[PDB]
Number of protein chains: 2
Amino acid sequence: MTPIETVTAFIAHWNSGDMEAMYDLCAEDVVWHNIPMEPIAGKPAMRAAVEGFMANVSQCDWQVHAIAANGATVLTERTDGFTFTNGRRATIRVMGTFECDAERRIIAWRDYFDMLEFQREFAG
Amino acid sequence: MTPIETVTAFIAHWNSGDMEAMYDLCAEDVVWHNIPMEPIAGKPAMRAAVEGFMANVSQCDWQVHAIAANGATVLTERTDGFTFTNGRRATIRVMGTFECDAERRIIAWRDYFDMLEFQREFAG
């Protein structure tokens, strides 16, 4: 896949719940950084952090409004929707930068959003 | 001027303090939206908001880490530095989406960041 296709597919896997296909697009040394929080270094740590983040989440519906690339660096503007375990839904407005390597695996993922918007929806 | 050249110049004007050149790159009905805040609609409201935001700011130093365009849309990953009246400096991590018309007038500017990171640095 091209860099833009890789990020599009990554988002599609979050949306379908195919988490193994999602991890397969990431490098072993991937850094996942939600900007207001501590970065997560490496695929094993990513797996553990995802498990925690998704504990009360049944479905994702992340919508890409804009995507653009400069070589291997792909930028996005999105609305990330979630359905929680009880069926309530929420959205968080986010922009993200993805860096790919030469084999088009994701080596860095940095998401930018308001921590207050996040805390409101993920509390309780 | 291409969309990417237009946005690059726009950021350069923030960095030089040439605010009139900055306004000149925008459409009359430009929307400026710091995502955690109310959008600012139109050039007159932009001028007023800028005057307020910059009251205690002596200099801007905004660094673009990544920039990518897809037609009329330009996406950015930045660290926006500020020097306040007493010489204190601060930085805020931000991603921004810019939209242009076909004549490359800036019609929308949406910046994504953590309100807590902003409030920390701009309080007092």
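Tabulated data for the structure shown
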read-out	value
Cβ-based net charge around A:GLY81, under 15 Å, with every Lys or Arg adding one and every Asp or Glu removing one	-1
Loop sites in segment B:35-103: GluC sites (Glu not before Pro), DSSP, at most 13 other Cβ within 10 Å	B:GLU103
Sum of -39500 (n - 2.57) over DSSP H runs of 4+, divided by residues of the protein assembly as shown (222 nm, nearest 500)	-9000 deg cm²/dmol
Residues B:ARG110, A:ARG47, sorted so that the one with the fewest Cβ neighbours within 10 Å comes first	A:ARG47, B:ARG110
Diffusion constant of the protein assembly as shown at 20 °C, which comes from Stokes-Einstein with the Kirkwood Cα-pair radius and 1.002 mPa s, µm²/s	112 µm²/s
Exposure proxy ranking, count of Cβ atoms within 10 Å, fewest first, for B:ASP61, B:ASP114	B:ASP61, B:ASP114
Mean Cα-pair separation over length for segment A:75-124, i.e. relative contact order, pairs under 8 Å, 6 or more apart, %	29 percent
Label-point separation, A:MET37 to B:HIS65 (7 Å along Cα→Cβ), nm	1.8 nm
Spacing of the two label points (7 Å from each Cα toward its C-beta) at A:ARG88 and A:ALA55, in nm	1.6 nm
Cα pair distances in chain A, grouped into 5 Å bins until the bin that holds the longest one, percent each	2, 11, 20, 26, 23, 12, 4, 1, 0
Around A:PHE113: net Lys/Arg minus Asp/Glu count, Cβ-Cβ under 13 Å	-3
Chain B: relative contact order in percent, alpha carbon pairs under 8 Å with at least 6 residues between	25 percent
Alpha carbon centroid spacing (whole Å) that separates segment B:75-124 from segment A:25-99	22 Å
Average beta-carbon neighbours from other chains, 10 Å sphere, peptide A:68-74	5
Exposure proxy ranking, count of Cβ atoms within 10 Å, fewest first, for A:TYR112, B:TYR23	B:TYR23, A:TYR112
Rounded, prolate or oblate (a/c below 1.5 giving rounded, otherwise prolate when a/b exceeds b/c) for segment B:34-91 by Cα gyration tensor	oblate
Summed residue charge, Cβ within 12 Å of A:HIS13's Cβ, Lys/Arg positive, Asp/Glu negative	-3
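As a convention, Cβ positions derive from the backbone with ideal geometry for all residues, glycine included, and neighbour counts pool all protein chains shown. Every number in this text was worked out from the coordinates using simple rules, so none of it is lab data.
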